[PDB]
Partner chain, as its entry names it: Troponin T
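Take a look at this single chain, the form deposited without its partner chain, given in structure tokens.
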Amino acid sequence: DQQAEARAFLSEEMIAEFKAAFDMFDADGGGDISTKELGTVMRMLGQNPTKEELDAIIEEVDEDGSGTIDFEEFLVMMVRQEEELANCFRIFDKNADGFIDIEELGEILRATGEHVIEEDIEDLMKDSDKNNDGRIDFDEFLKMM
């Protein structure tokens, strides 16, 4: 189900570009990625992840229950990857209305304890508002973050 949909999402032209990043993780070879091969690719950049930690990273990807990472698993993973900003976007609007208000952000900035000035906070919103509506929406939130 997921594969039959993520597959139609990217045609062979897109899949080709995705294959470039797939071959990097496939430093040892084979047509699929594994937990051991993952840690090897992480250290290639300079990161030192844990084996058991990386094993859990694949467990989440194994929705059906494969064990290792496959090429189509890598494609569906890219297919399911703005939710990140959507979560932060909602965290800013404590009222849950759809947009962030200046009054909502005011306390959020002061809540940190830092000594910020309202002249700086107010001017920041006036400069970030390209259309000048008063509140911040998910549209402007994209360039905002």
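Numbering follows the first chain given and starts at 1.
Colleague: Does the entry skip any residues of the deposited sequence between residue 81 and residue 82, and if so, is it 1 to 3, 4 to 9, or 10 or more, or none at all?
Modeller: The entry has a gap there, with 4 to 9 residues left out between residue 81 and residue 82.
Heads up, the form solved in complex with its partner chain isn't pictured, but that's what we're talking about next.
Colleague: Is it the case that residue 48, even though its partner is missing from this view, gets within 4.5 Å of its partner chain in the bound PDB entry, heavy atoms only?
Modeller: Result no; residue 48 lies far from its partner chain in the bound PDB entry.
Colleague: Does any heavy atom of residue 139 come within 4.5 Å of a heavy atom of its partner chain in the bound PDB entry?
Modeller: Judged by the heavy-atom cut-off of 4.5 Å, residue 139 is in contact with its partner chain in the bound PDB entry.
Colleague: Decide whether residue 93 counts as a contact residue for its partner chain in the bound PDB entry under a heavy atom distance cut-off of 4.5 Å.
Modeller: Although its partner chain is absent here, residue 93 would touch it in the bound PDB entry, with heavy atoms inside 4.5 Å.
Colleague: Within a 4.5 Å heavy atom cut-off, is residue 67 in contact with its partner chain in the bound PDB entry?
Modeller: Judged by the heavy-atom cut-off of 4.5 Å, residue 67 is well away from its partner chain in the bound PDB entry.
Colleague: Just to be sure I understand the contacts: of 62, 55, 97, 28, which is the one whose heavy atoms reach within 4.5 angstroms of its partner chain in the bound PDB entry?
Modeller: Only one option qualifies, and that one is 97.
Colleague: In sequence order, which positions of 63-90 have a non-hydrogen atom within 4.5 Å of its partner chain in the bound PDB entry?
Modeller: Heavy-atom contacts to its partner chain in the bound PDB entry: 87, 89, 90.
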